[PDB]
Amino acid sequence: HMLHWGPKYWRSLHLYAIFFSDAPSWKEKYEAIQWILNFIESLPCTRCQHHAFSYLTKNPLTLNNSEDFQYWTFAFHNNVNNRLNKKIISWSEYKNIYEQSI
Amino acid sequence: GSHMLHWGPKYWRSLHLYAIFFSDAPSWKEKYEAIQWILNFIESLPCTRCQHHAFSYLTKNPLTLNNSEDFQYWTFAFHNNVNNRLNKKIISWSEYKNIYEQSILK
Ligand SMILES: Cc1cc2nc3c(=O)[nH]c(=O)nc-3n(C[C@H](O)[C@H](O)[C@H](O)COP(=O)(O)OP(=O)(O)OC[C@H]3O[C@@H](n4cnc5c(N)ncnc54)[C@H](O)[C@@H]3O)c2cc1C
Ligand SMILES: Cc1cc2nc3c(=O)[nH]c(=O)nc-3n(C[C@H](O)[C@H](O)[C@H](O)COP(=O)(O)OP(=O)(O)OC[C@H]3O[C@@H](n4cnc5c(N)ncnc54)[C@H](O)[C@@H]3O)c2cc1C
């Protein structure tokens, strides 16, 4: 199930951070954190939503600018990778993967 | 044991008073801080099951932070949702106002 949908929700998350302002106002930061909660609510997976929340409360969003936000999603994604014993990618590989979007 | 019959009231009081002292003309910054505070409030709950229910409720019921009364109602409704899940009494809005009247200096 999530084998198919996981990659799509991840792309939705990473692109969101990518299209986030580099000079955000508090209104944008507020809409960003609400978007994240909404993103978590969308995940069609019980265990995923539970882990996602524990991560979020323990690791506050970093929204001073776009790449700050990107980094945050990158670390979150790698934390899940680590838990599922998947490859933990480097920052340079992250940038290559999303180079066209960035 | 979680001993929620003792700790439960303490947490509800912290939640309702936070909404009560929230500004009537909050800035976007205060709204942002309110959301982080709610997330930290849920994390502090002394029971796993309590955290999951609260988390589930939050994502399905976005915080209403236009002003203090709106935030107060959000906490009030959330509190009644837990009352219902525990088959406890569902108090009325006016009863809520009587209960916290001495702090609602609006
Ligand atoms: C928020 C969220 C939480 C999830 N939680 C769980 C869970 O707890 N348990 C469970 O079984 N499944 C979970 N999933 C699913 C899981 O993370 C995968 O999406 C899935 O199992 C399919 O694996 P995958 O190999 O295609 O890679 P991903 O779906 O992990 O792969 C996405 C693709 O993104 C890239 N990528 C890899 N690492 C990163 C990174 N750090 N930053 C940016 N891009 C990266 C690569 O190009 C890769 O092919 C979750 C999905 C989301 C979106
Ligand atoms: C987020 C959260 C989740 C919880 N989840 C669980 C759980 O999953 N399982 C479990 O066993 N316990 C749980 N508890 C505990 C539980 O809600 C009670 O606190 C507890 O059972 C004690 O009940 P009580 O009768 O003293 O009244 P509480 O519900 O503790 O009462 C606080 C008091 O506030 C008033 N009040 C009642 N309803 C409302 C309202 N809607 N708005 C404002 N005030 C009201 C009355 O003065 C009342 O005596 C949770 C607590 C919190 C804070």
# chains A, B, ... in the order shown; residues from 1 in each chain; ligands from 1

$ residues_around --residues "residue 25 (chain B)" --least-positions-apart "2" --cutoff "9 Å" --atoms "only C-alpha atoms" --output "compact mmCIF listing (two decimals) with N, CA and C atoms, in the first residue's frame"
# COMPACT_ATOMS: atom_id res chain seq x y z
N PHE B 22 -4.92 33.79 25.84
CA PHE B 22 -4.52 34.04 24.46
C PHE B 22 -5.12 35.41 24.11
N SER B 23 -4.43 36.17 23.27
CA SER B 23 -4.87 37.51 22.86
C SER B 23 -6.16 37.56 22.03
N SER B 27 -1.29 38.06 16.93
CA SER B 27 -0.49 38.29 15.74
C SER B 27 -0.29 36.90 15.16
N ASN B 66 -8.46 32.69 15.81
CA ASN B 66 -8.70 34.09 15.45
C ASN B 66 -8.65 34.99 16.68
N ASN B 67 -9.05 34.43 17.82
CA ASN B 67 -9.07 35.18 19.07
C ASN B 67 -9.21 34.23 20.24
N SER B 68 -9.25 34.79 21.45
CA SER B 68 -9.36 33.98 22.65
C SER B 68 -10.62 33.14 22.73

$ interface_residues --of "chain A" --to "chain B" --cutoff "7 Å" --atoms "only C-alpha atoms" --output "list in words"
residues 26, 27, 30, 37, 38, 41 and 57 of chain A

$ write_last_selection --atoms "C-alpha atoms" --output "PDB file, in the first residue's frame"
ATOM      1  CA  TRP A  26       4.838  34.779  10.361  1.00  0.00           C
ATOM      2  CA  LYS A  27       1.642  34.189   8.391  1.00  0.00           C
ATOM      3  CA  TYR A  30       1.825  29.574  10.427  1.00  0.00           C
ATOM      4  CA  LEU A  37      -0.379  18.778  10.374  1.00  0.00           C
ATOM      5  CA  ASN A  38      -2.770  18.465   7.421  1.00  0.00           C
ATOM      6  CA  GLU A  41      -3.604  13.767   8.670  1.00  0.00           C
ATOM      7  CA  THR A  57       6.838  17.429  18.558  1.00  0.00           C
TER       8      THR A  57
END

$ residues_around --residues "residue 69 (chain B)" --least-positions-apart "6" --cutoff "8 Å" --atoms "only C-alpha atoms" --output "PyMOL selection string"
chain B and resi 19-20+24

$ residues_around --residues "residue 21 (chain B)" --least-positions-apart "6" --cutoff "10 Å" --atoms "only C-alpha atoms" --output "VMD selection string"
chain B and resid 68 to 69 71 to 72 103 to 106

$ residues_near_ligand --ligand "ligand 1" --cutoff "8 Å" --atoms "only C-alpha atoms and all ligand atoms" --output "NGL selection string"
:A and (2-11 or 13-14 or 39-40 or 43 or 45 or 47-52 or 73-81 or 83-84 or 86-90 or 94 or 97-98)

$ write_last_selection --atoms "C-alpha atoms" --output "short mmCIF file (atom, residue, chain, number, x, y, z; two decimals), in the first residue's frame"
data_model
loop_
_atom_site.label_atom_id
_atom_site.label_comp_id
_atom_site.auth_asym_id
_atom_site.auth_seq_id
_atom_site.Cartn_x
_atom_site.Cartn_y
_atom_site.Cartn_z
CA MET A 2 2.46 2.66 1.20
CA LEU A 3 5.00 1.17 -1.21
CA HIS A 4 3.10 3.05 -3.89
CA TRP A 5 1.79 6.07 -2.01
CA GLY A 6 4.78 6.75 0.22
CA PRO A 7 6.97 8.20 -2.56
CA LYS A 8 4.11 10.48 -3.65
CA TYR A 9 3.50 11.96 -0.19
CA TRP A 10 7.25 12.40 0.27
CA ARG A 11 7.48 14.35 -2.99
CA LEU A 13 6.35 17.25 1.34
CA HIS A 14 9.71 18.02 -0.22
CA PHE A 39 -0.11 16.49 5.55
CA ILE A 40 0.18 14.09 8.48
CA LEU A 43 -1.22 9.78 5.35
CA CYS A 45 -1.27 4.73 7.37
CA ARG A 47 1.86 3.72 12.20
CA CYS A 48 3.17 6.42 9.85
CA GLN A 49 0.97 9.14 11.37
CA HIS A 50 1.92 8.12 14.90
CA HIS A 51 5.65 8.22 14.15
CA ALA A 52 5.28 11.47 12.19
CA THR A 73 12.04 17.44 5.63
CA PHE A 74 15.31 15.83 4.50
CA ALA A 75 16.19 14.88 8.09
CA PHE A 76 12.67 13.64 8.81
CA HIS A 77 12.71 11.51 5.65
CA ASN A 78 16.12 10.07 6.58
CA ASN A 79 14.87 9.30 10.10
CA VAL A 80 12.13 7.17 8.57
CA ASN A 81 14.66 5.66 6.16
CA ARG A 83 13.89 3.15 10.96
CA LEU A 84 12.89 1.11 7.90
CA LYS A 86 16.56 2.00 4.00
CA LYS A 87 19.48 3.99 2.61
CA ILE A 88 20.25 7.20 4.51
CA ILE A 89 21.07 9.64 1.71
CA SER A 90 23.59 12.44 1.85
CA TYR A 94 19.27 15.12 -1.88
CA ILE A 97 17.49 14.37 -6.71
CA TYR A 98 15.62 17.69 -6.42
#

$ residues_near_ligand --ligand "ligand 2" --cutoff "6 Å" --atoms "only C-alpha atoms and all ligand atoms" --output "list in words"
residues 4, 5, 8, 9, 11, 12, 49, 50, 54, 76, 77, 79, 80, 82, 91 and 96 of chain B

$ select_by_dssp --residues "region 17-105 of chain B" --states "alpha helix (DSSP H)" --output "ChimeraX atom specification"
/B:17-21,28-44,48-60,68-85,93-99

$ write_last_selection --atoms "C-alpha atoms" --output "mmCIF file, in the first residue's frame"
data_model
loop_
_atom_site.group_PDB
_atom_site.id
_atom_site.type_symbol
_atom_site.label_atom_id
_atom_site.label_comp_id
_atom_site.auth_asym_id
_atom_site.auth_seq_id
_atom_site.Cartn_x
_atom_site.Cartn_y
_atom_site.Cartn_z
ATOM 1 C CA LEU B 17 -6.258 28.824 30.801
ATOM 2 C CA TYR B 18 -3.791 29.019 27.917
ATOM 3 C CA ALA B 19 -6.689 29.666 25.544
ATOM 4 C CA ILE B 20 -8.219 32.083 28.020
ATOM 5 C CA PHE B 21 -5.041 34.181 28.225
ATOM 6 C CA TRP B 28 0.441 35.527 13.310
ATOM 7 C CA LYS B 29 3.444 34.882 15.542
ATOM 8 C CA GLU B 30 1.257 34.226 18.581
ATOM 9 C CA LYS B 31 -0.943 31.919 16.506
ATOM 10 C CA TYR B 32 2.184 30.003 15.472
ATOM 11 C CA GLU B 33 3.353 29.777 19.078
ATOM 12 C CA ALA B 34 -0.124 28.603 20.101
ATOM 13 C CA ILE B 35 0.155 25.634 17.712
ATOM 14 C CA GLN B 36 3.617 24.697 18.996
ATOM 15 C CA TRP B 37 2.309 24.994 22.549
ATOM 16 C CA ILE B 38 -0.564 22.629 21.784
ATOM 17 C CA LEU B 39 1.878 20.132 20.264
ATOM 18 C CA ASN B 40 4.072 20.363 23.368
ATOM 19 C CA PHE B 41 0.989 20.057 25.568
ATOM 20 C CA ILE B 42 0.007 16.777 23.903
ATOM 21 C CA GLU B 43 3.567 15.437 24.170
ATOM 22 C CA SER B 44 3.533 16.130 27.923
ATOM 23 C CA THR B 48 0.415 7.043 25.257
ATOM 24 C CA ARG B 49 -3.227 6.410 24.448
ATOM 25 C CA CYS B 50 -4.085 9.954 25.556
ATOM 26 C CA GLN B 51 -1.461 11.397 23.218
ATOM 27 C CA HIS B 52 -2.695 9.429 20.212
ATOM 28 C CA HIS B 53 -6.323 10.426 20.734
ATOM 29 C CA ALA B 54 -5.377 14.080 21.178
ATOM 30 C CA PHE B 55 -3.128 13.944 18.119
ATOM 31 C CA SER B 56 -5.873 12.328 16.073
ATOM 32 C CA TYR B 57 -8.337 14.972 17.251
ATOM 33 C CA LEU B 58 -6.002 17.858 16.423
ATOM 34 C CA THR B 59 -5.354 16.817 12.808
ATOM 35 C CA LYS B 60 -9.067 16.332 12.171
ATOM 36 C CA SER B 68 -9.355 33.983 22.648
ATOM 37 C CA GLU B 69 -13.021 32.985 22.572
ATOM 38 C CA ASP B 70 -12.483 30.895 19.430
ATOM 39 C CA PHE B 71 -9.464 29.143 20.956
ATOM 40 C CA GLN B 72 -11.409 28.640 24.207
ATOM 41 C CA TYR B 73 -14.224 26.969 22.292
ATOM 42 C CA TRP B 74 -11.745 24.710 20.517
ATOM 43 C CA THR B 75 -10.416 23.480 23.879
ATOM 44 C CA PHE B 76 -13.972 23.209 25.247
ATOM 45 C CA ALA B 77 -15.117 21.026 22.329
ATOM 46 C CA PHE B 78 -11.966 18.909 22.523
ATOM 47 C CA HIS B 79 -12.547 18.438 26.238
ATOM 48 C CA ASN B 80 -16.150 17.349 25.617
ATOM 49 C CA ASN B 81 -14.965 14.908 22.949
ATOM 50 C CA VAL B 82 -12.832 13.175 25.572
ATOM 51 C CA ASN B 83 -15.735 13.358 28.044
ATOM 52 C CA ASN B 84 -17.859 11.549 25.470
ATOM 53 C CA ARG B 85 -15.201 8.911 24.784
ATOM 54 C CA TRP B 93 -20.943 26.257 26.735
ATOM 55 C CA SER B 94 -22.622 28.421 29.371
ATOM 56 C CA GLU B 95 -21.532 26.024 32.116
ATOM 57 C CA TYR B 96 -17.993 26.260 30.797
ATOM 58 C CA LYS B 97 -18.249 30.053 31.028
ATOM 59 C CA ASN B 98 -19.501 29.864 34.605
ATOM 60 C CA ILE B 99 -16.691 27.469 35.533
#

$ residues_around --residues "region 64-67 of chain A" --least-positions-apart "5" --cutoff "6 Å" --atoms "only C-alpha atoms" --output "list in words"
residues 17, 18, 20, 21, 22 and 23 of chain A

$ decode --residues "region 34-97 of chain A" --atoms "C-alpha atoms" --output "compact mmCIF listing (two decimals), in the first residue's frame"
# COMPACT_ATOMS: atom_id res chain seq x y z
CA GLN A 34 -0.75 23.89 9.57
CA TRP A 35 0.02 22.36 6.17
CA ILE A 36 2.31 19.86 7.93
CA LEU A 37 -0.38 18.78 10.37
CA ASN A 38 -2.77 18.47 7.42
CA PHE A 39 -0.11 16.49 5.55
CA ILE A 40 0.18 14.09 8.48
CA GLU A 41 -3.60 13.77 8.67
CA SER A 42 -3.63 12.72 5.00
CA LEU A 43 -1.22 9.78 5.35
CA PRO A 44 -3.32 6.61 4.81
CA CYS A 45 -1.27 4.73 7.37
CA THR A 46 -1.74 4.44 11.13
CA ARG A 47 1.86 3.72 12.20
CA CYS A 48 3.17 6.42 9.85
CA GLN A 49 0.97 9.14 11.37
CA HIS A 50 1.92 8.12 14.90
CA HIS A 51 5.65 8.22 14.15
CA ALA A 52 5.28 11.47 12.19
CA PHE A 53 3.74 13.21 15.19
CA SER A 54 6.36 12.05 17.67
CA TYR A 55 9.00 13.35 15.27
CA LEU A 56 7.32 16.72 14.86
CA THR A 57 6.84 17.43 18.56
CA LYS A 58 10.39 16.32 19.32
CA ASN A 59 11.88 18.16 16.33
CA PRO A 60 10.24 21.60 15.83
CA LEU A 61 9.93 22.93 12.29
CA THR A 62 12.81 25.12 11.07
CA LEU A 63 11.19 27.71 8.78
CA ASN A 64 13.58 30.69 8.63
CA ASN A 65 13.79 30.10 4.88
CA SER A 66 13.25 27.50 2.18
CA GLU A 67 16.40 25.38 2.52
CA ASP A 68 15.99 25.47 6.30
CA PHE A 69 12.59 23.89 5.72
CA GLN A 70 14.01 21.56 3.06
CA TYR A 71 16.67 20.36 5.48
CA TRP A 72 13.98 19.65 8.06
CA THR A 73 12.04 17.44 5.63
CA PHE A 74 15.31 15.83 4.50
CA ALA A 75 16.19 14.88 8.09
CA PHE A 76 12.67 13.64 8.81
CA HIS A 77 12.71 11.51 5.65
CA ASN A 78 16.12 10.07 6.58
CA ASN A 79 14.87 9.30 10.10
CA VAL A 80 12.13 7.17 8.57
CA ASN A 81 14.66 5.66 6.16
CA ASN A 82 16.83 4.75 9.14
CA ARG A 83 13.89 3.15 10.96
CA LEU A 84 12.89 1.11 7.90
CA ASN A 85 16.54 0.21 7.35
CA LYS A 86 16.56 2.00 4.00
CA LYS A 87 19.48 3.99 2.61
CA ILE A 88 20.25 7.20 4.51
CA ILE A 89 21.07 9.64 1.71
CA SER A 90 23.59 12.44 1.85
CA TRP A 91 22.71 16.11 1.54
CA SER A 92 24.52 16.22 -1.80
CA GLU A 93 22.40 13.33 -3.09
CA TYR A 94 19.27 15.12 -1.88
CA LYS A 95 20.20 18.17 -3.92
CA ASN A 96 20.88 16.09 -7.05
CA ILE A 97 17.49 14.37 -6.71
